[PDB]
RNA sequence: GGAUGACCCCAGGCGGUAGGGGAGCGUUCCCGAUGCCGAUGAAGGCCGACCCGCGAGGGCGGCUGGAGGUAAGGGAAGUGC
RNA sequence: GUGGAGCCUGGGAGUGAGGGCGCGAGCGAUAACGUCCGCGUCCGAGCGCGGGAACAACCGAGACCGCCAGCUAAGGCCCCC
RNA sequence: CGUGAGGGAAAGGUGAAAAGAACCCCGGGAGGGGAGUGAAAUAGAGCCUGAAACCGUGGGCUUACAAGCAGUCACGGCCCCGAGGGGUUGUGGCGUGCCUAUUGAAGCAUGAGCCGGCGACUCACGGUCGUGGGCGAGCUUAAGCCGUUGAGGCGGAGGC
Ligand SMILES: [Mg+2]
Ligand SMILES: [Mg+2]
Ligand SMILES: [Mg+2]
Ligand SMILES: [Mg+2]
Ligand SMILES: [Mg+2]
Ligand SMILES: [Mg+2]
Ligand SMILES: [Mg+2]
Ligand SMILES: [Mg+2]
Ligand SMILES: [Mg+2]
Ligand SMILES: [Mg+2]
Ligand SMILES: [Mg+2]
Ligand SMILES: [Mg+2]
Ligand SMILES: [Mg+2]
Ligand SMILES: [Mg+2]
Ligand SMILES: [Mg+2]
Ligand SMILES: [Mg+2]
Ligand SMILES: [Mg+2]
Ligand SMILES: [Mg+2]
Ligand SMILES: [Mg+2]
Ligand SMILES: [Mg+2]
Ligand SMILES: [Mg+2]
Ligand SMILES: [Mg+2]
Ligand SMILES: [Mg+2]
Ligand SMILES: [Mg+2]
Ligand SMILES: [Mg+2]
Ligand SMILES: [Mg+2]
Ligand SMILES: [Mg+2]
Ligand SMILES: [Mg+2]
Ligand SMILES: [Mg+2]
Ligand SMILES: [Mg+2]
Ligand SMILES: [Mg+2]
Ligand SMILES: [Mg+2]
Ligand SMILES: [Mg+2]
Ligand SMILES: [Mg+2]
Ligand SMILES: [Mg+2]
Ligand SMILES: [Mg+2]
Ligand SMILES: [Mg+2]
Ligand SMILES: [Mg+2]
Ligand SMILES: [Mg+2]
Ligand SMILES: [Mg+2]
Ligand SMILES: [Mg+2]
Ligand SMILES: [Mg+2]
Ligand SMILES: [Mg+2]
Ligand SMILES: [Mg+2]
Ligand SMILES: [Mg+2]
Ligand SMILES: [Mg+2]
Ligand SMILES: [Mg+2]
Ligand SMILES: [Mg+2]
Ligand SMILES: [Mg+2]
Ligand SMILES: [Mg+2]
Ligand SMILES: [Mg+2]
Ligand SMILES: [Mg+2]
Ligand SMILES: [Mg+2]
Ligand SMILES: [Mg+2]
Ligand SMILES: [Mg+2]
Ligand SMILES: [Mg+2]
Ligand SMILES: [Mg+2]
Ligand SMILES: [Mg+2]
Ligand SMILES: [Mg+2]
Ligand SMILES: [Mg+2]
Ligand SMILES: [Mg+2]
Ligand SMILES: [Mg+2]
Ligand SMILES: [Mg+2]
Ligand SMILES: [Mg+2]
Ligand SMILES: [Mg+2]
Ligand SMILES: [Mg+2]
Ligand SMILES: [Mg+2]
Ligand SMILES: [Mg+2]
Ligand SMILES: [Mg+2]
Ligand SMILES: [Mg+2]
Ligand SMILES: [Mg+2]
Ligand SMILES: [Mg+2]
Ligand SMILES: [Mg+2]
Ligand SMILES: [Mg+2]
Ligand SMILES: [Mg+2]
Ligand SMILES: [Mg+2]
Ligand SMILES: [Mg+2]
Ligand SMILES: [Mg+2]
Ligand SMILES: [Mg+2]
Ligand SMILES: [Mg+2]
Ligand SMILES: [Mg+2]
Ligand SMILES: [Mg+2]
Ligand SMILES: [Mg+2]
Ligand SMILES: [Mg+2]
Ligand SMILES: [Mg+2]
Ligand SMILES: [Mg+2]
Ligand SMILES: [Mg+2]
Ligand SMILES: [Mg+2]
Ligand SMILES: [Mg+2]
Ligand SMILES: [Mg+2]
Ligand SMILES: [Mg+2]
Ligand SMILES: [Mg+2]
Ligand SMILES: [Mg+2]
Ligand SMILES: [Mg+2]
Ligand SMILES: [Mg+2]
Ligand SMILES: [Mg+2]
Ligand SMILES: [Mg+2]
Ligand SMILES: [Mg+2]
Ligand SMILES: [Mg+2]
Ligand SMILES: [Mg+2]
Ligand SMILES: [Mg+2]
Ligand SMILES: [Mg+2]
Ligand SMILES: [Mg+2]
Ligand SMILES: [Mg+2]
Ligand SMILES: [Mg+2]
Ligand SMILES: [Mg+2]
Ligand SMILES: [Mg+2]
Ligand SMILES: [Mg+2]
Ligand SMILES: [Mg+2]
Ligand SMILES: [Mg+2]
Ligand SMILES: [Mg+2]
Ligand SMILES: [Mg+2]
Ligand SMILES: [Mg+2]
Ligand SMILES: [Mg+2]
Ligand SMILES: [Mg+2]
Ligand SMILES: [Mg+2]
Ligand SMILES: [Mg+2]
Ligand SMILES: [Mg+2]
Ligand SMILES: [Mg+2]
Ligand SMILES: [Mg+2]
Ligand SMILES: [Mg+2]
Ligand SMILES: [Mg+2]
Ligand SMILES: [Mg+2]
Ligand SMILES: [Mg+2]
Ligand SMILES: [Mg+2]
Ligand SMILES: [Mg+2]
Ligand SMILES: [Mg+2]
Ligand SMILES: [Mg+2]
Ligand SMILES: [Mg+2]
Ligand SMILES: [Mg+2]
Ligand SMILES: [Mg+2]
Ligand SMILES: [Mg+2]
Ligand SMILES: [Mg+2]
Ligand SMILES: [Mg+2]
Ligand SMILES: [Mg+2]
Ligand SMILES: [Mg+2]
Ligand SMILES: [Mg+2]
Ligand SMILES: [Mg+2]
Ligand SMILES: [Mg+2]
Ligand SMILES: [Mg+2]
Ligand SMILES: [Mg+2]
Ligand SMILES: [Mg+2]
Ligand SMILES: [Mg+2]
Ligand SMILES: [Mg+2]
Ligand SMILES: [Mg+2]
Ligand SMILES: [Mg+2]
Ligand SMILES: [Mg+2]
Ligand SMILES: [Mg+2]
Ligand SMILES: [Mg+2]
Ligand SMILES: [Mg+2]
Ligand SMILES: [Mg+2]
Ligand SMILES: [Mg+2]
Ligand SMILES: [Mg+2]
Ligand SMILES: [Mg+2]
Ligand SMILES: [Mg+2]
Ligand SMILES: [Mg+2]
Ligand SMILES: [Mg+2]
Ligand SMILES: [Mg+2]
Ligand SMILES: [Mg+2]
Ligand SMILES: [Zn+2]
């Protein structure tokens with residue numbers, strides 16, 4: 001018996017092009033240029049997921065620093081302060097505290113200085 | 001010469017962008033004082049054959 | 001209500017008729033006529049035919065009034081191309097594409 | 001009146017009423033679990049070092065789900081290396097009932 | 001494929 | 001919980017007296033004010049920093065022999081179009097450009113980095129025209 | 001590509017045409033060219049060990065008997081060639097056409113009767129085969145055809 | 001652990017070219033089939049932000065289409081660009 | 001010393017253009033991103049990740065998947081960062 | 001096409017039935033718009049289904065101080081669907097196409113305009129391991145012959 005291509009290749013090509021919606025020029029119309037685009041698209045997603053974890057922790061650290069210097073110490077002093085104090089509130093929360101509950105952040109500064 | 005050639009195919013964006021100057025100016029038209037039909041200024045009116053307020057040719 | 005006409009298989013290059021059609025889209029049937037009569041373009045003659053045909057359709061078939069007609073929609077599609085041989089030097093044959101057009105004009109009624 | 005609780009190796013600020021998704025707890029739906037408190041705030045400040053002794057946060061387990069599907073794709077050029085993996089992170093939905101202290 | 005136009009001779013790079 | 005992203009706040013104008021300050025160690029601080037990195041709600045993708053007015057830029061100070069030896073360059077894009085202008089000259093002609101140039105090179109490159117530079121008003125001499133904004137004098 | 005109708009002429013020169021190189025248009029890279037590893041007439045048969053065919057035959061009948069679906073009949077009473085005569089007999093022996101029957105008998109007349117029933121495969125004892133015993137639900141044999149079956153698995 | 005994949009627990013391994021090995025998906029065709037799905041809509045097409053699967057894929061729903069299609073379990077290859 | 005250790009029989013291979021570096025030599029000129037051996041390493045196949053402005057083989061370190069959590073490595077903590 | 005020997009294509013499908021669109025309107029015609037036939041007319045003869053590249057009309061978001069393998073991650077705005085989702089992308093982060101050949105390529109080394117379809121590890125007989133079964137000091141038949149008409153059996157020559 002003969003098994004001609006028939007229906008198979010079109011369906012595989014359509015799977016790519018649907019994932020490729022939004023791309024520029026042929027990168028969303030040509031199956032070849034979509035597939036190439038997605039190779040890079042998939043590796044960027046893997047890499048930037050790892051990087052997002054670093055991106056946000058950077059933002060928190062910068063935000064913690066500015067709230068810290070208002071009370072006259074720098075991030076590196078505050079963080080070593082909380083280490084001796086036993087305080088384990090993390091940077092994602094220290095930053096939301098720094099912005100939303102400054103009265104609570106201010107006490108954390110005092111525990112940091114006092115515990116040196 | 002050494003037969004110059006295009007190096008890449010021109011994208012639909014660059015092609016149509018070159019045509020951004022290709023639209024037609026609609027013809028300049030004014031009403032004829034005698035028959036009120038619209039026609040280009042400074043020509044004998046092809047509908048009534050009037051120019052400068054007088055008959056000038058048969059139509 | 002809308003009246004449409006379609007001139008299929010006009011032997012003219014789609015890109016060329018479009019220039020003339022772009023002059024009249026959204027214009028009223030009266031301005032569209034004067035504009036077409038003094039357009040210095042082969043494509044003017046074909047558009048005018050389709051325009052007057054669509055206007056006849058409006059009045060005659062669809063109970064619309066001539067005084068209130070405007071060109072609500074118009075567009076030129078590409079039809080099957082006539083392929084012809086153009087001889088060049090050194091024994092080579094080039095294929096001229098004598099392109100073809102499907103001209104469409106849709107008139108509506110500009111009430112008020 | 002909020003509490004900073006720790007569950008699933010991560011830290012969250014929570015208030016009575018707040019719906020929150022965390023890592024998968026081993027706990028039947030509609031059950032109740034207590035969360036460890038690291039800081040209390042609002043009408044009074046209590047700073048765990050690290051955990052506040054008396055405190056806890058009472059949570060209702062609405063359900064257990066699987067998140068939207070992330071496509072984990074890998075590509076090494078000029079080496080015919082290609083990997084497609086579909087991932088869904090299992091989670092647990094909680095309703096913050098009250099903040100004991 | 002009617003007539004095969006022979007290609008120009010290269011520049012002598014000797 | 002998602003990280004807090006502030007809504008648009010009206011910016012605070014500040015005023016620095018550069019008389020006697022070291023060019024580079026001041027530019028650092030103006031840069032940071034312009035990025036707004038003194039604010040606990042700092043956000044990297046929006047212009048949310050301060051407006052920074054500087055006076056007495058003519059009286060900026062520099063160490064070593066930099067007055068004679070520091071060279072600013074502009075390349076015109078024409079052959080031989082490299083111009084070299086030394087510090088002495090640049091103070092004697094467009095003194096505000098000394099501090100302008102130093103900070104601009106301590107700002108990000110790109111669309112947002114360029115907007116931040118727009119929010120810096122350096123003047124030679126002790127006066128500035130922004131009295132309408134009532135700037136808040138700073139000590140740095 | 002050797003059995004195809006085209007000529008063996010190289011279609012254009014090997015070099016300097018600016019085109020890919022080819023030989024004749026019979027090559028399987030061309031539309032209308034030959035087929036690279038297409039079928040050719042094959043003999044799919046093979047000699048299965050006789051003892052495998054004797055054990056299988058016995059075993060197929062054994063399966064039916066262990067189900068209580070094997071039924072030996074001494075003879076077919078009214079069946080003289082007519083289909084209505086076999087149905088009549090069928091109902092008497094409990095065969096009501098809700099089960100596939102393999103009627104195994106050397107009676108030329110009885111096989112004519114039961115030929116056309118969509119629920120009866122008809123067969124002579126010499127043709128007893130396991131594929132037909134297994135594709136049917138019940139088995140029915142002469143005492144004459146059963147004697148013949150006993151020979152073959154001896 | 002229980003009793004020989006029935007699932008649970010604990011621990012460890014899991015970058016990868018040439019290449020070895022293992023498990024699967026889908027295509028055409030045969031048995032299953034004198035059956036079963038089918039104009040209250042076959043195959044094919046076009047959408048889907050839904051369901052299952054690590055994936056290849058499979059469902060289901062809407063539109064289009066207008067007459068075929070074919071299960072569990074197996075069999076054979078002109079089987080995937 | 002229980003390790004993707006070892007040994008034996010057998011099925012399937014691919015490879016038989018290497019390259020940088022450290023050290024020991026020859027050749028070279030106590031030249032070469034030079035050449036030819038030895039010991040080791042990495043790239044090859046880790047053009048995946050951090051650092052080194054950028055950069056296969058230098059320093060850090062062997063990426064099963066997810067996390068808007070924590071500790072470090074080399075290198076860093078005036079601003080770009 | 002070739003002087004010639006010779007080479008050598010492309011091109012199938014309305015509908016159950018022509019009922020294959022009288023007649024009227026614009027038009028030189030072509031083509032269309034009504035009317036009519038049909039279950040269906042984007043089945044209208046350039047006719048089943050009608051994919052993709054490719055061209056166009058309309059709508060939503062967006063873009064004229066901006067540095068780019070075109071994506072990805074984050075936030076914000078606008079539009080849509082109705083503690084959420086879809087579309088778009090302004091700013092910020094990161095980021096050297098695919099294949100091939102190579103010690104080493106984004107590589108200024110090869111190939112590819114783009115899309116659809118054709119397109120490359122097979123068959124036969126022998127061998128050598130492995131494996132699922134049958135039989136076991138034994139195992140097995142070939143050509144034929146009888147039967148069947150998708151029925152199987154006989155045949156011991158011969159081979160190991
Ligand atoms: Mg194929
Ligand atoms: Mg697409
Ligand atoms: Mg887009
Ligand atoms: Mg995009
Ligand atoms: Mg596009
Ligand atoms: Mg597109
Ligand atoms: Mg397209
Ligand atoms: Mg990828
Ligand atoms: Mg990740
Ligand atoms: Mg800071
Ligand atoms: Mg520490
Ligand atoms: Mg800590
Ligand atoms: Mg607030
Ligand atoms: Mg020349
Ligand atoms: Mg010349
Ligand atoms: Mg030329
Ligand atoms: Mg161009
Ligand atoms: Mg184009
Ligand atoms: Mg366009
Ligand atoms: Mg485009
Ligand atoms: Mg251009
Ligand atoms: Mg032009
Ligand atoms: Mg234009
Ligand atoms: Mg004109
Ligand atoms: Mg009229
Ligand atoms: Mg000529
Ligand atoms: Mg010519
Ligand atoms: Mg000639
Ligand atoms: Mg052309
Ligand atoms: Mg052409
Ligand atoms: Mg054409
Ligand atoms: Mg989660
Ligand atoms: Mg991925
Ligand atoms: Mg690689
Ligand atoms: Mg590549
Ligand atoms: Mg790469
Ligand atoms: Mg590759
Ligand atoms: Mg390589
Ligand atoms: Mg690859
Ligand atoms: Mg590849
Ligand atoms: Mg996977
Ligand atoms: Mg200073
Ligand atoms: Mg900012
Ligand atoms: Mg000096
Ligand atoms: Mg031949
Ligand atoms: Mg032949
Ligand atoms: Mg012949
Ligand atoms: Mg011939
Ligand atoms: Mg020949
Ligand atoms: Mg020949
Ligand atoms: Mg050649
Ligand atoms: Mg060649
Ligand atoms: Mg070429
Ligand atoms: Mg070619
Ligand atoms: Mg070519
Ligand atoms: Mg070509
Ligand atoms: Mg070719
Ligand atoms: Mg050739
Ligand atoms: Mg060829
Ligand atoms: Mg050939
Ligand atoms: Mg040959
Ligand atoms: Mg041939
Ligand atoms: Mg053929
Ligand atoms: Mg072959
Ligand atoms: Mg065989
Ligand atoms: Mg029958
Ligand atoms: Mg029958
Ligand atoms: Mg039957
Ligand atoms: Mg594990
Ligand atoms: Mg293992
Ligand atoms: Mg590992
Ligand atoms: Mg592996
Ligand atoms: Mg399969
Ligand atoms: Mg079977
Ligand atoms: Mg059948
Ligand atoms: Mg039915
Ligand atoms: Mg019906
Ligand atoms: Mg339907
Ligand atoms: Mg099918
Ligand atoms: Mg089929
Ligand atoms: Mg599907
Ligand atoms: Mg369908
Ligand atoms: Mg039929
Ligand atoms: Mg089947
Ligand atoms: Mg099956
Ligand atoms: Mg076959
Ligand atoms: Mg093939
Ligand atoms: Mg090993
Ligand atoms: Mg080993
Ligand atoms: Mg071996
Ligand atoms: Mg093997
Ligand atoms: Mg093998
Ligand atoms: Mg080799
Ligand atoms: Mg050797
Ligand atoms: Mg050799
Ligand atoms: Mg060698
Ligand atoms: Mg060597
Ligand atoms: Mg060597
Ligand atoms: Mg090197
Ligand atoms: Mg060396
Ligand atoms: Mg040393
Ligand atoms: Mg030596
Ligand atoms: Mg060397
Ligand atoms: Mg050396
Ligand atoms: Mg080495
Ligand atoms: Mg290699
Ligand atoms: Mg490495
Ligand atoms: Mg290694
Ligand atoms: Mg690398
Ligand atoms: Mg590189
Ligand atoms: Mg590196
Ligand atoms: Mg680097
Ligand atoms: Mg490097
Ligand atoms: Mg590396
Ligand atoms: Mg630390
Ligand atoms: Mg260190
Ligand atoms: Mg900093
Ligand atoms: Mg001739
Ligand atoms: Mg002739
Ligand atoms: Mg033909
Ligand atoms: Mg027909
Ligand atoms: Mg017909
Ligand atoms: Mg019918
Ligand atoms: Mg007929
Ligand atoms: Mg007339
Ligand atoms: Mg007509
Ligand atoms: Mg018309
Ligand atoms: Mg008509
Ligand atoms: Mg119907
Ligand atoms: Mg349709
Ligand atoms: Mg139809
Ligand atoms: Mg039909
Ligand atoms: Mg059609
Ligand atoms: Mg069509
Ligand atoms: Mg548009
Ligand atoms: Mg500017
Ligand atoms: Mg702008
Ligand atoms: Mg962000
Ligand atoms: Mg949204
Ligand atoms: Mg968005
Ligand atoms: Mg970006
Ligand atoms: Mg590829
Ligand atoms: Mg090569
Ligand atoms: Mg080479
Ligand atoms: Mg490049
Ligand atoms: Mg290039
Ligand atoms: Mg070259
Ligand atoms: Mg290239
Ligand atoms: Mg080569
Ligand atoms: Mg190549
Ligand atoms: Mg080329
Ligand atoms: Mg294309
Ligand atoms: Mg293709
Ligand atoms: Mg093989
Ligand atoms: Mg074959
Ligand atoms: Mg074998
Ligand atoms: Mg065997
Ligand atoms: Mg046997
Ligand atoms: Mg025997
Ligand atoms: Zn007049």
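Things worth noting here:
- Gyration tensor verdict on the stretch F:54-140 (Cα atoms; rounded if a/c is under 1.5, prolate if a/b is larger than b/c, oblate otherwise): oblate
- Taking other C-beta atoms within 10 angstrom as a stand-in for reagent exposure, B:32, A:68 fall in the order B:32, A:68, fewest first.
- Within a Gaussian network of chain C (alpha carbon springs, distance under 10 Å), most fluctuating of C:12, C:35, C:96: C:96
- Residue-averaged [θ]222 nm for chain G, counting only DSSP H segments that reach four residues, each worth -39500 (n - 2.57): -9500 deg cm²/dmol
- Altogether, the Stokes-Einstein calculation at 10 °C and 1.306 mPa s, with the Kirkwood radius of the stretch F:1-50 over Cα pairs as Rh, returns a diffusion coefficient of 128 µm²/s.
- Cα gyration tensor shape of the protein assembly as shown, rounded if a/c is under 1.5, else prolate or oblate by comparing a/b with b/c: oblate
- Highest to lowest packing among F:65-71, D:70-76, scored as the average C-beta count within 10 Å: D:70-76, F:65-71
- The antiparallel fraction among DSSP beta bridges confined to the protein assembly as shown stands at about 75%.
- Here the relative contact order of chain G, from alpha carbon pairs under 8 Å that lie six or more residues apart, stands at 21 percent.
- Rounded to 10°, Cα long-axis angle of helix A:91-100 versus longest principal axis of chain A: 70 degrees
- Shape category assigned to chain A from the gyration tensor of Cα positions, a/c cut at 1.5: prolate
- Degrees, to the nearest 10: A:102-114 long Cα axis against longest axis of chain A: 60 degrees
- Gain on full extension, evaluated as 0.36 nm per residue between residue G:108 and residue G:129 minus their Cα-Cα distance, stands at 5.7 nm.
- Residue exposure proxy: C:1, G:141, F:48, ordered by other Cβ atoms within 10 angstrom of their Cβ from fewest to most, comes out as C:1, F:48, G:141.
- Chain B: relative contact order in percent, alpha carbon pairs under 8 Å with at least 6 residues between: 17 percent
- Rounded to 10°, Cα long-axis angle of helix A:8-19 versus longest principal axis of chain A: 30 degrees
- Within chain F, helix-based [θ] at 222 nm, where runs of 4 or more DSSP H residues each add -39,500 (n - 2.57), nearest 500: -7500 deg cm²/dmol
- Modelled spin labels at residue A:80 and residue C:68, positioned 7 Å past Cα toward Cβ, are 8.6 nm from each other.
- Listing B:24, A:38, C:86 from fewest to most neighbouring C-beta atoms within 10 Å gives C:86, B:24, A:38.
Read-outs throughout are calculated quantities, based only on the coordinates presented, and are distinct from any laboratory measurement. For neighbour counting, all protein chains shown are included, and Cβ atoms are generated from backbone atoms with ideal geometry for every residue, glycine included.
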